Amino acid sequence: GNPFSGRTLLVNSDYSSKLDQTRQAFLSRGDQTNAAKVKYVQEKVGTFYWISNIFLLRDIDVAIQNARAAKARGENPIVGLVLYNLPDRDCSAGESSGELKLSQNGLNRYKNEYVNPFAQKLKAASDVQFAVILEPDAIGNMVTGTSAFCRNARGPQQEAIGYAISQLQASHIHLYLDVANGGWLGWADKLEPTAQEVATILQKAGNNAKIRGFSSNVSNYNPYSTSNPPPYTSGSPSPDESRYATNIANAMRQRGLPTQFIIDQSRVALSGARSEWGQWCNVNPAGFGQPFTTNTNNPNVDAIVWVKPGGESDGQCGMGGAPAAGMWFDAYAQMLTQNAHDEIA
């Protein structure tokens, strides 16, 4: 069954605290309507916690503590975590986007100094339900990346992700392998290749290794369901994320693999924001998307979630004034609030 059914996605306390700056900035201009929308996100919108380096393994203990505090106040939470520290991470850029590199004993450090401790903390926390998104966009780079750097990282990255899955096999841990977004892998010629990559990684994870399914649109901006997708989606069978999810599940079902998705809607672009589907860095204009829900109107979509913490920069690119990746970008957080989904108030 769906692990989110009857649960609340836990609020990310780091994100919530950083959003206090946004609440305060709206208050300094007498903008009470937007200040209150920020406070709603602070208190009621669950977001995944990104464990983007080895130092941030301590945030797993913060999330656990918060999942015990919440369920003690009467709630029934599920903690979203992002496992994201692959050696030669985001190989498309030509060099790891993170601290581990394959040429610096990265595969071993990932297994032993990153995955092992991550898996240990989740296992000691048997009372807590976890949804873990595994390595955003690694599969996309594997399927389509043609540079030597990406071509050299592919094997070791499949071993690393298979290792991760093999170490996170418990009843309270629900694994969602990332599959990028409909604009990257949802084209007719990319669905089958994506499914093949999943089978290869699952073979490496072990015979009895399972995953619940996949994640998509993490840190991206595609709509979940629309009858008016952008013109750049012309020719694609996956013009929104609900359809992308159904198309991947269809390829997965034919191979006997998992079919379920969680779809990020932390940020959704307004019509016309991107001229090209591949644009990804601090896209504007955009707005906060629909907050966490199991009411998805798609049997292969377990839940709509927030994974990227909107307001954390994607890098010094896109919207002007953008700080380095992961740094707080208050004016962007303000824009997302101004254009926020109607549920937020």
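The first residue of the sequence shown is number 1, and the count goes up from there.
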Of 259-267 vs 75-83, the stretch with the larger average CA B-factor in the entry is 75-83
Taking the recorded C-alpha temperature factors, which stretch has the higher mean, 294-302 or 32-40? 294-302
Per the entry, which of 132, 143, 150, 218 tops the list for Cα B factor? 143
Whose C-alpha has the highest temperature factor in the PDB entry: 97, 250, 222, 171? 171
Residue 308: which third of its chain by C-alpha temperature factor? lowest
Entry-reported C-alpha B-factor of residue 11 relative to its chain, by third, is middle
Residue 319 by Cα B-factor - lowest, middle or highest third of the modelled chain: highest
Using the B-factors in the PDB entry, rank residue 201's C-alpha atom against the chain and give the third, lowest, middle or highest. middle
Would you check the entry's CA temperature factor for residue 244 and let me know if it's in the chain's lowest, middle or highest third? highest
